[PDB]
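Quick notes on the structure that follows.
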There are 4 protein chains.
Amino acid sequence: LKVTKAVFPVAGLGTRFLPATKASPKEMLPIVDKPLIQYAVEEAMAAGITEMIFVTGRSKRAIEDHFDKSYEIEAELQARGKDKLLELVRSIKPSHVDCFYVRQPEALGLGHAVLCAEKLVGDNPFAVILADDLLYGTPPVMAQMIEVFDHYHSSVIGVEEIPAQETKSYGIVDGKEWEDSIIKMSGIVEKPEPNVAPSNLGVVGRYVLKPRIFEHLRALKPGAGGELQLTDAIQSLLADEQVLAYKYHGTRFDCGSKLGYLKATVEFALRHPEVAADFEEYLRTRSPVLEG
Amino acid sequence: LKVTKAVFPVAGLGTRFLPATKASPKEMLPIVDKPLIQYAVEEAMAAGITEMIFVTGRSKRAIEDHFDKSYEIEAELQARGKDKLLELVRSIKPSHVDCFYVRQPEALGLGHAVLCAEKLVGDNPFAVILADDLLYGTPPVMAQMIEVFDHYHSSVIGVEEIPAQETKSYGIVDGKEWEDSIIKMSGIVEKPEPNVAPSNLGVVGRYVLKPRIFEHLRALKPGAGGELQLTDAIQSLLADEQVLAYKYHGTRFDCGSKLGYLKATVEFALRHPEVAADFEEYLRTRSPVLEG
Amino acid sequence: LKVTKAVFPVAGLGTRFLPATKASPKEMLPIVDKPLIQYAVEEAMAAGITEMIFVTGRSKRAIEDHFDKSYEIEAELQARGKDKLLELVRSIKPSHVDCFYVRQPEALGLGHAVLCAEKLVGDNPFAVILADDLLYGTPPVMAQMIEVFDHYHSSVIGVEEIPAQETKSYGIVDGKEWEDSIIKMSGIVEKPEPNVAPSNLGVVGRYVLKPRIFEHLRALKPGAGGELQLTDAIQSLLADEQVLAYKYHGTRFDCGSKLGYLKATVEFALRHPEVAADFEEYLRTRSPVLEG
Amino acid sequence: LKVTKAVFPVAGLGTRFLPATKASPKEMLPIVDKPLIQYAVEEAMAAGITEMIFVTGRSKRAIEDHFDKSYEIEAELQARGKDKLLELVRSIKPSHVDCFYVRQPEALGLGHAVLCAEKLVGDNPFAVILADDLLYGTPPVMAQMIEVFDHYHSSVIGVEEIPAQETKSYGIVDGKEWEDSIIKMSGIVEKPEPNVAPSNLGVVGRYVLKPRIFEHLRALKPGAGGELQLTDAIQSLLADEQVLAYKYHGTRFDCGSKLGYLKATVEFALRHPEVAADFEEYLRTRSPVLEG
């Protein structure tokens, strides 16, 4: 059983980024020169995934027009004779990668977004990648997680040791450590108060899910708006079969926050061949007072 | 004669920002949490301008959907009970500000973009603002320039002392200094070699133009694609009436370049009440090695 | 004072055409092979008008994409070598015609839509054309009305004799005939009861307005939703200066109704070079029974 | 093995409908008050199909916005208190129906569009429905064809008797009749000359295909542009397993042609609750002269 598909929820309101996210989801925010969602798709590609399923909401066109062919932009590029840039634009969606679109009509949360993709995933394991968790890993984090999935044939939840006083911001897993970095999960709890959290292992926006999850999602009684909690479906699933938590190696930038977006911008600029040296020299010599 | 209108060319390919500008013009790039074009519109508003004319090209919808009312986003905001954010979203286009759209069908340069707006400006003086020149001024730069225009009733070209070896990147003005910061222009030349440049005063993306400019634009024989050089029209205009260069005070970020975009991000983050303190402490303590 | 501008309110919900108008304004409905709004723009062009001002609302993109350039459609035509269809596509917006867009954020009616366009019209007389009134006239109706305006330099209201029992569907004018088909208006009333209507001359969706109309729209007490009844502004205007009603020659199809749209389709098909002869023969021989 | 999925190629350039199809695919053309593609989706729904796969090209947004939720149109309906029109709008995409989108970046024909959808169909039989073939059948034609598929578990090709001199416009099947209206196919040929055509049974835009078809599409030598002739893949398939042609009962309108579109408009108008009686009376009494 090989994972060839990834589901990307890309209806991010980005309240912490208004007004920038007025007309585009937060997953389209650029880090230096590349949208968050493209980093995420490239991470999926590095894990062997070739079918990208985008679950869109408002401003779907920012996502669609990013990955779909643009005749007008290739015209402008061809007209300016910019041949390297032409191939850069084509590489956003290589020929062997497919992009499919499905709608989440109402912003009803992650579990609902996953369930919307059910009949596009079919009877197949699949990745779920939240692009506002920007991850740097060697190899990429989803590639690490596909290694785990290929070995154990169990769902894999990406987790990270987080500060004990911040457990109210994370889903928190419980279980016994198995091998290095792998926890056989006995439970998952959504945003526990620090004094009740069963561990310091918080869920990050990376999952490999076996298709049985859809069955458990469908069984949940929804909330007020109709929200389905993916955590409740995961909790229900591990009662029936093995579910693993994987402590990935790498660095996370929480680009659901402006601070994390700024850290990501700084770190990736300093790795960017076009600007790294000049940007470092700028940080070293900048004046503290902005003159108007 | 009061300036109530501003023309914003917003068909920026952003070759230096591909792939981020695949589906949105470079003028929509965010600085922390606000698109460049919104900074520019706010600068025009600070100068008393109330009619915003956007000259669009590819991906016009990123611009239109930013300034036009969104029913879906206000629905999401109302559904989440986020009332301060609701007013933030409404303030993108205050009730007393109008936004009009006109097309530049082909990317044929700035003079062509200005001429496309002729019959929307009418027989009125108007501002031209290039949003990828991000300016910080107290008061804002266009407000400074409208002060000059209201006093002299002559076109005003925003200029800046630039390094002598970089004159090939700028239009360069010539003339006699009049009062503090004001040059009565005798000529303007597009991108001269350093050893021939008549001054070190380079044109930045800010203009106040009297409507006679349209006549001079129309008189120009176009280039290969049909490009019209605004510089040639300005050169032609000053032969007939007074045209002034204004040395504004403030700081410019060249956000047509990735480096300038990064400097702008850093400087405006350190002024941003939500992140300034944490971002400074991050810059002070960050590790030099990114761990994968 | 020549009329060079026309205002086209194109926020038509087409409740009578749902679900067809789900994602497109009713003014984009095709008559045989051409949208209603393109018939209206061609009528304006025949009257010498060269600036088209579209007051958009919901689904603005169907209108914008129709009149703006499309590279992808021209790439598909180019790839199929289909040549005459290129001149046809280019003819949708000839080089000497400008298209400008302004938003009516809330669908508040015709008088309000006219006021939204004020700063695009400036201090100029202008046509107002409701495209869901499809008019066939030789010469075109707006061309007839501009001839009237050029002769009298007064606002012109298009009218037609309507059945006496239908006056509650129309604005109804009153006055005295002055030359063949020209009424010097003494009054206008919005939707009178038949037994109270002062004439049988009902207003159709064609106007030539002098810019004094904007001051009269502002003087109006708004309706409960904020509507400004254009009829009441015309009533106010004619107290200060001459306003004329013009009994145009030609045929109207009320394409605000499904029945008028079908009649229009039949009549224009029977004049269409490609289908007229074959469609008439089909209407002559068609079987009344539809086999299922 | 039930058919739950239908593939709708909707990249139709509608060269015969320009300029109407400038900004909208021909499959969005309305018949009275409903787009062709919605008739096609309703026919699929009547056959028990619940996953609609749209293979888009140029102007994908007209198709997407038709089937996806619109908050602004529902806000305008809500503000006008128009209630039954809400159920009508919601009925465009009922809760139990999923809409998925895949791109055909280059307009390379039907067989190629079917292969583009392969990974959305998976290992499942599927319907293929060309919406510009408007079919009226009681029960609907795809419902008739699914009954055939459920009975024989073989691919089903929709066919109709066509005039012998028109075979160069059709794929033409050959075989032996097996039950009323069912032909066990021995061959199929794309557009034979009349004197060479093996039958008068022409293929219409309705198919039920088993997923073995994808392997046969891949085995085909591509056309000069990269096209894959679906007819040749069906010819290849029937050498390995049973393929049936089904002579449906009902009436076809070729809405790839302006004349068929007009006939469809007339016939469906004459069955429409709101206009049938009044439209028939207009056709009976209409004057042949159009007054200008």
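All residue names refer to the structure tokens as shown: chains lettered A, B, ... in order, residues numbered from 1 in each chain, ligands numbered from 1 in order.
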TODO: Kindly provide, as a list in words, the residues of chain A having any atom no farther than 6 Å from an atom of chain D, counting only C-alpha atoms.
DONE: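 Selected residues: residues 100, 101, 102 and 120 of chain A.
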Task: Which of stretch 138-274 of chain C fall in alpha helix (DSSP H), as a PyMOL selection string - done: chain C and resi 141-152+212-218+230-238+258-269
Serialized selection, N, CA and C atoms, as a short mmCIF file (atom, residue, chain, number, x, y, z; two decimals), in the first residue's frame:
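out_13.cif was written with the following content:
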```cif
data_model
loop_
_atom_site.label_atom_id
_atom_site.label_comp_id
_atom_site.auth_asym_id
_atom_site.auth_seq_id
_atom_site.Cartn_x
_atom_site.Cartn_y
_atom_site.Cartn_z
N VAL C 141 -31.52 52.51 -31.45
CA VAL C 141 -32.31 53.42 -30.64
C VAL C 141 -31.43 54.48 -29.97
N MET C 142 -30.30 54.08 -29.36
CA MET C 142 -29.47 55.12 -28.75
C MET C 142 -28.92 56.08 -29.80
N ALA C 143 -28.73 55.61 -31.04
CA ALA C 143 -28.34 56.55 -32.09
C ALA C 143 -29.46 57.54 -32.38
N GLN C 144 -30.71 57.07 -32.40
CA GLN C 144 -31.83 58.00 -32.56
C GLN C 144 -31.84 59.02 -31.43
N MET C 145 -31.59 58.56 -30.21
CA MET C 145 -31.70 59.44 -29.06
C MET C 145 -30.56 60.45 -29.01
N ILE C 146 -29.37 60.08 -29.49
CA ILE C 146 -28.28 61.05 -29.53
C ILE C 146 -28.56 62.12 -30.57
N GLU C 147 -29.18 61.74 -31.69
CA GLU C 147 -29.60 62.75 -32.65
C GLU C 147 -30.54 63.75 -32.00
N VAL C 148 -31.46 63.27 -31.16
CA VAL C 148 -32.36 64.17 -30.44
C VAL C 148 -31.55 65.08 -29.52
N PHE C 149 -30.66 64.47 -28.73
CA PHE C 149 -29.86 65.27 -27.80
C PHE C 149 -29.05 66.33 -28.54
N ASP C 150 -28.43 65.95 -29.66
CA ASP C 150 -27.62 66.92 -30.40
C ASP C 150 -28.48 68.07 -30.90
N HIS C 151 -29.76 67.80 -31.18
CA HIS C 151 -30.66 68.82 -31.71
C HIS C 151 -31.21 69.75 -30.63
N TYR C 152 -31.45 69.24 -29.42
CA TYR C 152 -32.13 70.01 -28.38
C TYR C 152 -31.27 70.31 -27.16
N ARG C 212 -26.54 67.49 -14.55
CA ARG C 212 -27.39 68.03 -13.50
C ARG C 212 -28.20 66.94 -12.79
N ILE C 213 -28.38 65.78 -13.42
CA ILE C 213 -29.17 64.71 -12.82
C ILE C 213 -28.57 64.26 -11.50
N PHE C 214 -27.24 64.36 -11.35
CA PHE C 214 -26.63 63.84 -10.13
C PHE C 214 -27.09 64.65 -8.93
N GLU C 215 -27.18 65.97 -9.08
CA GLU C 215 -27.65 66.82 -8.00
C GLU C 215 -29.07 66.48 -7.61
N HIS C 216 -29.90 66.09 -8.59
CA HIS C 216 -31.28 65.72 -8.31
C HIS C 216 -31.38 64.33 -7.69
N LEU C 217 -30.48 63.41 -8.06
CA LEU C 217 -30.43 62.14 -7.34
C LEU C 217 -30.06 62.35 -5.87
N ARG C 218 -29.14 63.28 -5.59
CA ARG C 218 -28.75 63.51 -4.20
C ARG C 218 -29.87 64.16 -3.39
N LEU C 230 -34.81 56.84 -9.83
CA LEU C 230 -34.42 57.70 -10.95
C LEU C 230 -35.59 58.51 -11.48
N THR C 231 -36.79 57.91 -11.52
CA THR C 231 -37.98 58.64 -11.97
C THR C 231 -38.20 59.92 -11.18
N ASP C 232 -37.99 59.87 -9.86
CA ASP C 232 -38.24 61.06 -9.06
C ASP C 232 -37.18 62.12 -9.29
N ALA C 233 -35.95 61.71 -9.61
CA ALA C 233 -34.93 62.69 -9.96
C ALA C 233 -35.22 63.34 -11.31
N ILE C 234 -35.77 62.58 -12.26
CA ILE C 234 -36.19 63.18 -13.52
C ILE C 234 -37.35 64.15 -13.30
N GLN C 235 -38.31 63.77 -12.45
CA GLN C 235 -39.39 64.70 -12.11
C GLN C 235 -38.83 65.99 -11.51
N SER C 236 -37.85 65.86 -10.62
CA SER C 236 -37.23 67.03 -10.01
C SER C 236 -36.50 67.85 -11.06
N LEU C 237 -35.81 67.18 -11.98
CA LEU C 237 -35.00 67.88 -12.97
C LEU C 237 -35.86 68.72 -13.91
N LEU C 238 -36.99 68.17 -14.36
CA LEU C 238 -37.80 68.87 -15.35
C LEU C 238 -38.46 70.12 -14.79
N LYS C 258 -38.45 35.69 -18.88
CA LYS C 258 -38.13 34.56 -19.75
C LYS C 258 -38.89 34.65 -21.07
N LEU C 259 -40.15 35.10 -21.05
CA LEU C 259 -40.91 35.14 -22.30
C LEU C 259 -40.32 36.14 -23.29
N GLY C 260 -39.90 37.32 -22.83
CA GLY C 260 -39.30 38.27 -23.75
C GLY C 260 -37.97 37.79 -24.29
N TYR C 261 -37.21 37.09 -23.45
CA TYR C 261 -35.96 36.51 -23.89
C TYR C 261 -36.19 35.50 -25.01
N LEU C 262 -37.23 34.67 -24.89
CA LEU C 262 -37.55 33.70 -25.93
C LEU C 262 -38.02 34.37 -27.21
N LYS C 263 -38.84 35.41 -27.09
CA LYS C 263 -39.24 36.12 -28.30
C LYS C 263 -38.02 36.74 -28.97
N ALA C 264 -37.12 37.33 -28.19
CA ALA C 264 -35.90 37.90 -28.76
C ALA C 264 -35.09 36.83 -29.47
N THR C 265 -34.93 35.67 -28.83
CA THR C 265 -34.18 34.60 -29.46
C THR C 265 -34.78 34.24 -30.81
N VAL C 266 -36.11 34.11 -30.88
CA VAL C 266 -36.76 33.73 -32.13
C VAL C 266 -36.55 34.80 -33.19
N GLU C 267 -36.80 36.06 -32.84
CA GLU C 267 -36.76 37.12 -33.85
C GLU C 267 -35.34 37.35 -34.35
N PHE C 268 -34.35 37.35 -33.46
CA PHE C 268 -32.98 37.56 -33.91
C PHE C 268 -32.44 36.34 -34.65
N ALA C 269 -32.85 35.13 -34.25
CA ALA C 269 -32.46 33.96 -35.03
C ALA C 269 -32.97 34.05 -36.46
#
```
Task: Which of stretch 20-226 of chain C fall in strand (DSSP E), as an NGL selection string - done: :C and (30-31 or 34-35 or 51-56 or 98-103 or 126-129 or 133-136 or 155-161 or 171-179 or 182-190 or 201-209)
- [ ] Excluding stretch 248-254 of chain D and residues on its chain fewer than 4 positions from it, collect all residues at most 6 Å away from it, counting only C-alpha atoms, and give them as a list in words.
- [x]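 Counting only C-alpha atoms, the residues come to residues 291 and 292 of chain C; 133, 134, 135, 136, 137, 260 and 264 of chain D.
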Task: Spatial neighbours of stretch 33-45 of chain A, 7 Å, only C-alpha atoms, chain gap at least 2 places, as a PyMOL selection string - done: (chain A and resi 6+27-31+47-50+129+131-132+134+140+142) or (chain B and resi 17-20)
Task: Neighbour list for residue D:270 as a ChimeraX atom specification, cut-off 10 Å, only C-alpha atoms, skip fewer than 5 positions in-chain - done: /C:288,290 /D:32,264-265,275-280
Expected file: the selected residues, C-alpha atoms, as a PDB file, in the first residue's frame:
```pdb
ATOM      1  CA  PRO C 288     -45.586  19.257 -31.766  1.00  0.00           C
ATOM      2  CA  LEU C 290     -41.291  15.676 -28.202  1.00  0.00           C
TER       3      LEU C 290
ATOM      4  CA  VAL D  32     -34.466  28.745 -21.393  1.00  0.00           C
ATOM      5  CA  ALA D 264     -33.591  22.979 -28.025  1.00  0.00           C
ATOM      6  CA  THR D 265     -34.634  26.405 -26.801  1.00  0.00           C
ATOM      7  CA  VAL D 275     -43.745  30.167 -20.476  1.00  0.00           C
ATOM      8  CA  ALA D 276     -45.005  27.159 -22.441  1.00  0.00           C
ATOM      9  CA  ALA D 277     -48.556  28.353 -23.041  1.00  0.00           C
ATOM     10  CA  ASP D 278     -47.627  31.979 -23.779  1.00  0.00           C
ATOM     11  CA  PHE D 279     -44.687  31.057 -26.005  1.00  0.00           C
ATOM     12  CA  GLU D 280     -46.790  28.694 -28.105  1.00  0.00           C
TER      13      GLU D 280
END
```
